[PDB]
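A single chain, nothing else alongside it, follows as structure tokens in the form solved without the named molecule.
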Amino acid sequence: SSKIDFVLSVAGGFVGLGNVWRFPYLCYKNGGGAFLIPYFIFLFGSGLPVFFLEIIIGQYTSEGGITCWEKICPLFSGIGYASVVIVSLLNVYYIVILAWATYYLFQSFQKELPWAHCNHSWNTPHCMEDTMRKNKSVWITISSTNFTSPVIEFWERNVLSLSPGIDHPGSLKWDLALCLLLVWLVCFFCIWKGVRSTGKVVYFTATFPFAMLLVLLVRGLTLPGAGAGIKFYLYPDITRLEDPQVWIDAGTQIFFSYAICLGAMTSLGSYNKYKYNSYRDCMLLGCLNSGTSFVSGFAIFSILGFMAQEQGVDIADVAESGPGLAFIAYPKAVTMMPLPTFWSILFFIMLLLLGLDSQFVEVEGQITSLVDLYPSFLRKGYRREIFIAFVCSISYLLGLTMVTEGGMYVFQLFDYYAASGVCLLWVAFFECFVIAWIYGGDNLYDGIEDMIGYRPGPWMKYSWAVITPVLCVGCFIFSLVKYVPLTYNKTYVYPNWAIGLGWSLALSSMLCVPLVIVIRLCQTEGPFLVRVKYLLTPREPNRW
């Protein structure tokens, strides 16, 4: 029957740019092995339980993020508002990764891939072919004067034209701005047309990324130096765990790949029927998502090991410890691959297919949720379409700050602060806090038992009550006690203003929870304690 195999292909995609592009870069920046220990702890202690929580709240209440929270606990409706703010910021920068992929795809159509060789305008006199780096280039006859990879030069110089600092915004790169518009135009048209159902080709869309990843994985494993990369990736370095960043990055990557804390999962749960075994699906899909990231990591690290031994440099220093590692490692593998142009086109098409799907869903979700806040006004037939255009246009302009020559720096701030980090922990802690301690985890378990058919094991409630709170709060405090500034590629120190601006992006979402609480307390009438009590009590969430 293969009912199980059918649902995964049809349900929420278990691959995204977070698997292919966010996970490898965060791992690498944090050491290969160490990152994995907090990552798996978070996956089982917070990630999977929160994922299931969001799906079931949505299923129990039959409502999306903003409205579901109001039913479960009225005073905590701010969690839904915060999720919308986080989604709005994510949509602005997630599409920038796609604009880079589109640029690489246009570049790919040439007979010779630009990143493959070094005789080009962007290339510095330092750049040397990687085969040459080991052979007579590095401290052999003339000592290596900081020689660099053609692929790295293409990314930093042709694609990014990286400025010295966020302080120099530089010129708007017209080519990346046009690529961003193309990605945005596709997004608007698919959302406006309402092209959300692709029953016949959903299979190709699901299979294509996995097939491409398998080819990349085989290429890497067959590449000399793969074992060293796999060891770097697999073997943990404990000293790293003593740093707050590895924990925050690992736990948050779990939250990122899962789309938890964005209000997407509550909405997906709402679509599910009341009597559905969502618990089985959440476990399968969450494990598959994490499994994809874990396996993709083998591919990328085997290539990094190869690059490290060709160049003759440490695996840690071979490629960027920043967003853009995928743009260096995977393109290099393609060059090694026979018929490179063909593989490059496929990889960037895959990157595009994974990202676009996610972006369409996220932007539709943002727009729908925003329309729902004021439905009568925004349900006029023209007005919804105008709203979609407005959201797409405003997000495109903000994205323009990131397609400038100093825009990579702005992108790193957005990736670190806007939809990841303390903001995700804050929303997750609150979702777990309210369900576990206000609504009552056991009370939810009565409802889950009715919906799923069987009472769930003690793991979900313990995670909501203790493990997720302790992991989220502990990581937040640890980061503050041992504070380390965001640094781009390990060598760039962000100005103090930039860190404050990044904090504001994190804070805007975070502040929504306390601010709404205050608004609710004021609006309700009565003695303070009575107000709090009424606001705490659930508004008929069973909806039988």
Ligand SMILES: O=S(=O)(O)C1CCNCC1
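The term rigid core refers to the maximal set of C-alpha atoms that superpose within 1.5 Å between the two forms. Note that residue numbering follows the sequence shown and begins at 1.
What comes next is about the form deposited with the named molecule bound, which does not appear here.
Mapping the unseen interface onto this chain, residue 362 counts among the residues with a heavy atom inside 4.5 Å of the named molecule in the bound PDB entry. Of the heavy atoms in residue 25, none are within 4.5 Å of the named molecule in the bound PDB entry. When the named molecule is considered in the bound PDB entry, residue 358 lines it closely, a heavy atom lying within 4.5 Å. Mapping the unseen interface onto this chain, residue 257 counts among the residues with a heavy atom inside 4.5 Å of the named molecule in the bound PDB entry.
Comment: the named molecule is not present in this chain, but in the bound PDB entry one of 416, 327, 94, 247 has a heavy atom within 4.5 Å of it, namely 94. Out of the listed residues 319, 90, 408, 351, 90 is the one that sits within 4.5 Å of the named molecule in the bound PDB entry by at least one heavy atom.
Residues of 11-34 placing a heavy atom within 4.5 Å of the named molecule in the bound PDB entry, in sequence order: 13, 14, 15, 16, 17, 18, 19. Relative to the superposed core, residue 389 undergoes a C-alpha shift smaller than 2 Å between this form and the one not shown.
After superposition on the rigid core, the Cα of residue 272 moves by 2 Å or more between this form and the one not shown. A movement of the C-alpha atom of residue 182 falling short of 2 angstroms is seen between this form and the one not shown when the two forms are aligned on their rigid core. In the bound PDB entry, the Cα positions of residue 87 and residue 14 lie at least 3 Å nearer to each other than in the form displayed. Put simply, residue 196 and residue 90 spread apart in the bound PDB entry: their C-alpha atoms are 3 Å or more farther than in the form shown.
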